[PDB]
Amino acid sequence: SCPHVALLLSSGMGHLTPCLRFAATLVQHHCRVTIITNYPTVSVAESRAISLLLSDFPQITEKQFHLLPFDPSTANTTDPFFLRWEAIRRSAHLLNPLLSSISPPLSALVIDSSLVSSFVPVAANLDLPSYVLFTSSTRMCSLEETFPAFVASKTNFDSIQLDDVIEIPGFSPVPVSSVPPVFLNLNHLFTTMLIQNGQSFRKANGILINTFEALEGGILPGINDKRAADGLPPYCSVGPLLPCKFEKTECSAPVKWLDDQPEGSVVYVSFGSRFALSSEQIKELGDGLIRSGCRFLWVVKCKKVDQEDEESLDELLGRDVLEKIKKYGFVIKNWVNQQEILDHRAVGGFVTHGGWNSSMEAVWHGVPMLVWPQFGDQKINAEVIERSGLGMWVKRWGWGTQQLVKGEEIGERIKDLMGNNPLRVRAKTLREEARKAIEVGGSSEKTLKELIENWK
């Protein structure tokens, strides 16, 4: 028997990447994977990823979910990715015919974390075991579970709220300063969805996380038996989730440029797929990279959605400035193969926004990190990284969205990143442990095997 698993995706590369990689892992562990997609994708990158995955894996079936006509006026945010999540969630009662059509009969439904609350009852109607796919760190999962109780505890998130902690079971408490800024905005669409989903994580048969136990002390078994005692579903560490072979094109111009550089001399700089720095910050970062005195590779976005970023970098920085920066290092306003870049020998360090996918990529490839949180989960994930010893995160810089950092200080901190030996020593060890987790008999291998063995 080869267990049938259907995966329910949402919008956004941050959510999509671990879903596709998990599909690849499942297929490569003798399971039937069917992906439930929706179109048109908010960004091209998503569509391309789906197409490539399908071309490499013809045995994965794709069922398109047809969303009900959507009225954006009802929605609180102008953010496309969130808007799509809600668009899917409002057409939840039409998953039932979809799922009923599928053959062979389904063993399991993996549902994205963003759409849990709306779609877990649909899985209940058909006696379908449901598992949430969690795209962020474990600490963040706990925070998301604990948050609804916390907002229920308070009269209002008024000025009474200062930077004091939120209690998390089995974890170090989280300061309000590290808490996602949108959380304080109750009635924000994302916040509403987060309260609902965080409330609904308990309903699923299990919570899948992209991590390994060594990455976060040895707290996870204890937390899990405690959860079992309280009747909560278990955390399943199935990470690190390995990139597919299609994610590697060894003929990229950035890679070719990287080949001619001294080893461990390049600094990689990127801030995710769904977020663009402010113009001032782009300029100052430009200054800082030159001021660092190091070789660098810089991925710039001037808009969140890749389709919309028509503007050239010649428009913002302008004329001779961009040329000047170009002399010092590789600059690009285009989609790059990031994992492939992280594996390169020339790359000594990573300036990241703290997104969990890229963070885990650096953990897997053993690249020291300089974390520059911008919003959301990223101040928490940062902390994790810092505790691992693989990276450092500058607290003086605060949130990137609400604070500006000048070129000089950027330069100095980058120099700090390049000079730090302990980070590099830890990188190797944590890298090898990361390997051991997914080796046969590893934590993640054991967990995965158990999951499939339940299905069975």
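The numbering used is simple: start at 1 and walk along the sequence shown.
- Between 59 to 67 and 26 to 34, the higher mean Cα B-factor belongs to 26 to 34.
- In this entry, the higher average B-factor at the C-alpha atoms falls on 247 to 255, of the pair 287 to 295 and 247 to 255.
- Per the deposited coordinates, the residue with the largest Cα temperature factor out of 120, 166, 128, 362 is 166.
- Going by the entry's values, 313 shows the largest Cα B-factor out of 276, 313, 336, 382.
- Among all modelled residues in this chain, the alpha-carbon of residue 52 has a temperature factor (C-alpha) in the highest third.
- Residue 424: CA B factor lies in the middle third for its chain, per the PDB record.
- In this PDB entry, residue 393 carries a Cα temperature factor that places it within the highest third of its chain's modelled residues.
- Per the PDB record, residue ranking by Cα B-factor puts residue 227 in the highest third of the chain.
- In the PDB entry, residue 17 places in the lowest third of its chain by CA B-factor.
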